[PDB]
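Line by line, the protein sequences are chains A, B, C, D, E, F, G, H, I and J.
Residues 2 to 212, 218 to 317 (full-length UniProt numbering) are what the first sequence spells out, left to right.
Residues 2 to 212, 218 to 317 (full-length UniProt numbering) are what the second sequence spells out, left to right.
Residues 24 to 148 (full-length UniProt numbering) are what the third sequence spells out, left to right.
Residues 24 to 148 (full-length UniProt numbering) are what the fourth sequence spells out, left to right.
Residues 1401 to 1424 (full-length UniProt numbering) are what the fifth sequence spells out, left to right.
Residues 1401 to 1424 (full-length UniProt numbering) are what the sixth sequence spells out, left to right.
Residues 1401 to 1424 (full-length UniProt numbering) are what the seventh sequence spells out, left to right.
Residues 2 to 65, 78 to 141, 154 to 215, 217 to 223 (full-length UniProt numbering) are what the eighth sequence spells out, left to right.
Residues 2 to 65, 78 to 141, 154 to 215, 217 to 223 (full-length UniProt numbering) are what the ninth sequence spells out, left to right.
Residues 2 to 65, 78 to 141, 154 to 215, 217 to 223 (full-length UniProt numbering) are what the tenth sequence spells out, left to right.
See below for the structure under consideration.
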Amino acid sequence: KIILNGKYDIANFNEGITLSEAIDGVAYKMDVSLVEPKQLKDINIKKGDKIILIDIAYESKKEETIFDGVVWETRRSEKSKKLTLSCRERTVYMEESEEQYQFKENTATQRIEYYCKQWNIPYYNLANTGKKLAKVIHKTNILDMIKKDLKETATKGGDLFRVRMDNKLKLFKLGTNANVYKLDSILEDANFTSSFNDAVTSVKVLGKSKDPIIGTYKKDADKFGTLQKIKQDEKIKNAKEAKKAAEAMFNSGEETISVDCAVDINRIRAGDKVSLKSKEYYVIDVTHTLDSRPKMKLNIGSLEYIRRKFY
Amino acid sequence: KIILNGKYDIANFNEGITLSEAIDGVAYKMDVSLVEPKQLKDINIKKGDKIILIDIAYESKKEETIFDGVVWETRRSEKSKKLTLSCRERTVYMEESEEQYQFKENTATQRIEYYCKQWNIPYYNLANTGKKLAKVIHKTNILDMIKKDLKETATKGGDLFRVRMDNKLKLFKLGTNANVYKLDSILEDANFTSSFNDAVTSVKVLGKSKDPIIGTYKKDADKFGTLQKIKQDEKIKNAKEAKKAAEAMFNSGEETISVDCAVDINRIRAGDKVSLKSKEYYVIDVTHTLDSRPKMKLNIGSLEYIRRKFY
Amino acid sequence: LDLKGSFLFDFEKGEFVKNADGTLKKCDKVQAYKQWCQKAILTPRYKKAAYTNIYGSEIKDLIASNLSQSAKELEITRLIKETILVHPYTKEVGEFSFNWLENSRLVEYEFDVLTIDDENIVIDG
Amino acid sequence: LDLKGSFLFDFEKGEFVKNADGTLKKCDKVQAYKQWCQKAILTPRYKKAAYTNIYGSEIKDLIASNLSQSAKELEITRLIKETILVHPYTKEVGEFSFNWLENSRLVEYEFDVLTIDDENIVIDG
Amino acid sequence: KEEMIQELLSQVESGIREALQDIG
Amino acid sequence: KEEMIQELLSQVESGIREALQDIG
Amino acid sequence: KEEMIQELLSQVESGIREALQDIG
Amino acid sequence: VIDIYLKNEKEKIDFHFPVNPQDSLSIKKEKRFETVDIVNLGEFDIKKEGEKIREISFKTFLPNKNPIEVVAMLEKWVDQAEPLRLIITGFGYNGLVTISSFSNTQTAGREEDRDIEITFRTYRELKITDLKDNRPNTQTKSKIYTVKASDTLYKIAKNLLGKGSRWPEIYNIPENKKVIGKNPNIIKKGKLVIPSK
Amino acid sequence: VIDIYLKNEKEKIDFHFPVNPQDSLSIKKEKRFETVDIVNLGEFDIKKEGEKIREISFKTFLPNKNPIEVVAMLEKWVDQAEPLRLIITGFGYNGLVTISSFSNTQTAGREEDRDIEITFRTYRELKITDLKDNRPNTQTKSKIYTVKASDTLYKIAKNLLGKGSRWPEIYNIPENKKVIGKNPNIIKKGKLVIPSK
Amino acid sequence: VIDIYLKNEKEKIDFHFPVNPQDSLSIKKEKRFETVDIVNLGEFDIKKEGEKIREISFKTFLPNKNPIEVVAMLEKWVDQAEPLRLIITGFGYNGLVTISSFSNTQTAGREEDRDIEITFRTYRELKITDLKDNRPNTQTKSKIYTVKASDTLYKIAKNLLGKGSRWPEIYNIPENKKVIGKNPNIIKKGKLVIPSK
């Protein structure tokens, strides 16, 4: 409804906005399509411009900044003067800037604070993930390093954390959204899919590092059969770490719902805890599309499958 | 025509069935789509249910079990109550259960028997592949291990074998189907494609293991040019093994036919030997679709190209 | 569903009916439902602050309205139907009849049909 | 298919026909099928609790019905056809004829056609 | 008129995912 | 009549490229 | 009415296979 | 002599059309087939084994029950999931159907009357050696049963709920548990019992 | 006797059509179903549980309020989000609707008049054991309230804003904070209070 | 002199149309071709080798067998998989066909009659130096055979089931095994034998 840019208000030009995020996505993504007459052409929107989308929030019905990022790419058509943007929050910067860091044994929160301090990234008070990580040397992107240590934190019994940018970097635990919205009331169509596609019933740990930690921790072998994996990570250097990694991998296969909603719940985001029918599910992916009729589509799943796949 | 499930008969609900298989596919795949009214909803079809499709066989015109597997995944639509399944025979279990095994020098049949004995998989009398395999250590899936040793058996002059499940595991040689069906009579449309896309005219073996085995065995260099490869496998630890591997790699490029049949030959399966015109070809892929009009589509190719690509 | 009963209230006397023991005369599910239906019909909507917007009717407000006779018949049908149908036990209400006995003094009938009045198919596999 | 025979039951006498040995007179597949057809026609539907909903007819219930003459003819055709056709051996039943001999006393004919009455194409490659 | 896009995008996604899962 | 092919090929290319860039 | 799906699935398969073979 | 009877079952109503279906009745039949064309031979026709859902459509008028009540009745029946039994005497049609579309119209004159234009669809039930299950199951009973002298709960279950062994579904309802004694075998005449669904 | 009343609520207007809907009124009803065809059985019809949005369309003329003002009123109502209540007496229709399309026309003669062609859509509200919430909520009150003697701010909140505990929304408005004393409990007669939204 | 004969085979019926096909008969022929346009030359026509499935359509009325029985017969034939033989004398058509669509209609008057509108499709069989197999194979025999004096089981197999070596299919049926002696070579007159399929 309001698109601030730097100074102007280009909400008087946009054909539609689509706010999309994935649980493992690089960044909260806003793809706003505009018509580009002389008026919009004058201001000369370039890549790197700062877009802030403001719309009436679902919670309190007050205008709140639902998106605050930067224009990552502009594509302009000439025959039809339709300028199209693809906005990203500043976690896209972290996913592109490579750097090598050597880390001793420590927790994920300390590592994230170290990254932010090194690269001068503003950040709120980061939640203590608690889990203690093994010494590693990293080379991938900063977001890649953060995701790697968060995955290793999900292993060893730690809670599932996800990093979202907003104005200043936030360490967002998955099941900690304020409002557990119920989608059954506006359920245009749902697609309950169940499978054994990524089911894990057994896991045979073969430790590449010593405390000779080896074991098997089959959990539902009698019911679904011995759907076995082999976890052979150097980071597992402990018997309890092996047991917790095994326990953080068992699941009954893929179990998700491809939900389609006729009303756009504005504040939904990846990782949020949302209800369909009596059950509760975590948002694997959300794709708003703020056309003339607000609309939302969701892909949600159980905790076990999400932990198995994305962690 | 008859869909047994555990107890019931849901042939009174299915909009269509599509039996599809690939020569390198994980398993014989049946994708049956159903409407899900109160009647079908009561029985509560879950993943892991056992589906048996029975239809009048082409050979003797007697009702025979053409498919016997398990429901690997169910996807239910709610706005339109259309339950859709994707059935798999139990080789999908082998493609998901990882395990590490160390093997001395032996044949593929002994290794397959060892896998079945370890994992309690029923199996018919397995054909003696004959070829003797080098010592290896494996980590991939059980089906992955079986495919790897079967590929190494195709190399060294062994016959092309493929594993299909049925009720009990079977080691199916490719060119051993009972009836060599002729598709020209029901040829709705064919697509003869020829190429040098995967042509191999020469091969320069560089042995990574000793008997210093090195050589070149160019076969049609004068005609198609020296389309050369380099085979650098540790498993080749012998001069005769190198020569047979070279001889089991030469081909005139991709040579397949995308056949479309107006009548569904019910008993066709991947690897079967089928005739189009005077020539004979091996089924790279088959995709039946048992809608209200039975129909079949086939992708067939020559032995040399199949051995080069899939082995 | 698990609906429950209530206590009788003789609208003729405007007092609860009580046994000789002094306790109020308990009544069955359907009896309490009929009592509730009559009370809801007699309760005007939006005016008694103890209730939400769902409860009550607007029949009294229609008397002062300027709509015609047939329009008032349709309004009465709509109002009674909407007021009654909020109860879960209600299945259907209809078969409305009207009789303008005097020039402008009306008598109207209606039928209420319960969830238990439904007819069930007999079949099993 | 593998249908099987049964024992004769002379509906004229309402007793099983038995040989001089005392054993009941066994009959062929088609004879047992005809006996079953007559018995099913004579068996009312939904009323004899020993049977499912599939078995029986509703011809007797139609007598008290208020439908017209031609409507009753169509109902008789439908009822007899549905009752007979449940048997696997049945192929087709039809060619119904009616004769309202007296004012309101009816005589009707029908033909039942067996699976063996089908005609087979003669061809082989 | 417009539902063809949704229908055939779904078909493309299903087919490619199906092939990757089968061969992979 | 024919522009549907160009439109939806563009949609398929954009969607798949977009997904690969996001997840990758 | 229905042949558009077959036509454009063929186009998608051909285009993606063609691009993979060219760049690869 | 032509009449049209709509015998509903879930609502025990037998509607007889006051007026005949105006200009003409018509019914089509089309076999299920689809062309397949083979190379160097041309088109061929392949029969499909199933049968088609064919429609019967006509238009009447309801002269001065009242036409308003009849229109309301038919509009209510349009939403009915259970099938209606359509019987056309002179035309010779008889079978279960269901209304796809219904419409009423008032004209400048004849305002009391309602011109009707209704269409039907052939109905077929989806079920999940022995006798075939070809019979339609369209019979209806009241959702509350008055126990007779000779009745037993198993007999009630078989008569009113199918298999006969469905009696615990009747018993486990708390109202049935209250009216019935704690012994399911012993039951009395007159007391009301509620079959499930 | 046939009349058409459009009782708007967000604008407290009760429009009565001066002239009847010309040739005829018509209303269709179509059940929600879609065919599914099973192998070796053929087509079957499956009911869908919902109900359909059906239209009532007709055409009138506005003879010599003026027709211009009536046309402007209806064009303004066309953009209204809140529903209109349509009552047709002889036809028997009564329920909430909303105008999809409206059009006026001047003819060579009769230039003062305006020929009208209007269409309506059935309206249904999205609400996004206990009593069902089937009642439509179409009642409207002025955006400014004059406090009566017996009123309390909680009573005002319940009467004019729903739940009753919504009173701080009324109080927190700075105009309400100014006219009302700093104690929310104490309020006086006559002073104006502005409900939110 | 124009007549229309429908000679069914799977049901040994030879239907002769009581009434001629009203206004006109018509039959189209269209060659199989599709344009190909070459750069800097333009469009060209390429013949396709096959032949096309062409239709013969007309409409009759059945005056006062009865029209009801004839309509039922044709509706039953519409579902027939086997082909019908259509012979039109004056028009000059003769060949195997099959009914795509059939429809009957009763009119306000002439209620006994049934106006018919039927369409046909050319039929072609899929067979899935020496003589070509161009002959249609439309001949039918009873599913139960009465053995004659001179018959032998091989002769029965060839006459009634094709290749002649198909006799074990007849013998292996348990009813045939019971009526026939345990020696297949020896067979007697009069006893019934059931060909398969």
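The C-beta atom is built at its ideal place from N, Cα and C for all residues, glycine as well.
Give the interface partners of residue i over in chain D, defined as CB-CB distance under 8 Å, in chain order.
| i | result |
| --- | --- |
| J:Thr165 | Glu142, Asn143, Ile144, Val145 |
List the DSSP bridge partners of residue i.
| i | result |
| --- | --- |
| I:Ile100 | I:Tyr6, I:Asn107 |
| J:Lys140 | In the DSSP output, where bridge partners are listed per residue, J:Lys140 has none listed. |
| A:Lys183 | A:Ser281 |
| H:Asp155 | None, per the DSSP bridge assignment. |
| H:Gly43 | H:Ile39, J:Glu52 |
| A:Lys301 | A:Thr295 |
| B:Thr110 | Note: B:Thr110 sits in no beta bridge, so no partner. |
| A:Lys205 | A:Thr222 |
| A:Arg76 | A:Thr85 |
| J:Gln119 | H:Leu26 |
What does residue i touch in chain J if you count any residue whose Cβ is under 9 Å from its own?
| i | result |
| --- | --- |
| B:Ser186 | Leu139, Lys140, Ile141 |
Name, please, each residue of chain D whose Cβ falls closer than 7 Å to the Cβ of residue i.
| i | result |
| --- | --- |
| H:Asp4 | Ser91, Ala94 |
So which residues on chain C does residue i lean against when the C-beta distance must stay under 8 Å?
| i | result |
| --- | --- |
| I:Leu156 | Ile77, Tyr78, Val109, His110, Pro111 |
For a contact meaning CB atoms closer than 8 Å, what does residue i contact in chain E?
| i | result |
| --- | --- |
| B:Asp145 | Going along chain E, no residue has its Cβ under 8 Å from B:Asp145, so there is no contact; the nearest lies around 11 Å. |
| B:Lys30 | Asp1422 |
Below 8 Å between beta carbons: does that hold for residue i and residue j?
| i | j | result |
| --- | --- | --- |
| C:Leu90 | C:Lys52 | no |
| B:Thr19 | B:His294 | yes |
| I:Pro199 | I:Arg127 | no |
| A:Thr92 | A:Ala179 | no |
| A:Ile52 | A:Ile4 | yes |
| H:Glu56 | H:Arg134 | yes |
| A:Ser281 | A:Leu188 | no |
| A:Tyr287 | A:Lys152 | no |
| C:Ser120 | C:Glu131 | yes |
| I:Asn107 | C:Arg101 | yes |
| B:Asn142 | B:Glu97 | yes |
So which residues on chain H does residue i lean against when the C-beta distance must stay under 7 Å?
| i | result |
| --- | --- |
| D:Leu26 | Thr154 |
| D:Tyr69 | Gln164 |
Can you give the beta carbon distance from residue i to residue j, rounded, assuming they're within the 8 Å contact cut?
| i | j | result |
| --- | --- | --- |
| A:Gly231 | A:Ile220 | So it is not a contact: roughly 22 Å between Cβ atoms. |
| A:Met255 | A:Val289 | A:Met255 to A:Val289, Cβ: 22 Å. No contact. |
| A:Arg77 | A:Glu37 | 6 Å |
| A:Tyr59 | A:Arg273 | 6 Å |
In chain I, what lies closer than 7 Å to residue i by C-beta?
| i | result |
| --- | --- |
| C:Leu102 | Per Cβ cutoff of 7 Å: no residues; C:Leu102 is ~10 Å from chain I at best. |
If the cut is a Cβ gap below 9 Å, which residues of chain I does residue i touch?
| i | result |
| --- | --- |
| C:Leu97 | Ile100, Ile101, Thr102, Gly105, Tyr106, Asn107 |
Can you list the residues of chain E that residue i reaches, using a CB-CB cut of under 9 Å?
| i | result |
| --- | --- |
| B:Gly26 | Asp1422, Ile1423 |
Given a limit of 7 Å on CB to CB distance, which residues of the segment 291 to 304 of chain B reach chain H? Within the segment 291 to 304 of chain B, those residues whose Cβ lies closer than 7 Å to any Cβ of chain H are, in chain order, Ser298, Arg299.
So if I threshold CB-CB distances at 9 Å, which residues from the segment 1408 to 1420 of chain F count as touching chain E? For the segment 1408 to 1420 of chain F, the set of residues with a beta-carbon nearer than 9 Å to any beta-carbon of chain E comprises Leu1408, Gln1411, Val1412, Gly1415, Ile1416, in chain order.
Relative to chain J, which residues along the segment 258 to 288 of chain B have a C-beta separation below 7 Å, given in chain order? Residues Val269.
Under 7 Å, CB to CB, which of the residues in the segment 115 to 131 of chain H have a partner in chain J? Shown here is that no member of the segment 115 to 131 of chain H has a Cβ falling below 7 Å from a Cβ of chain J.
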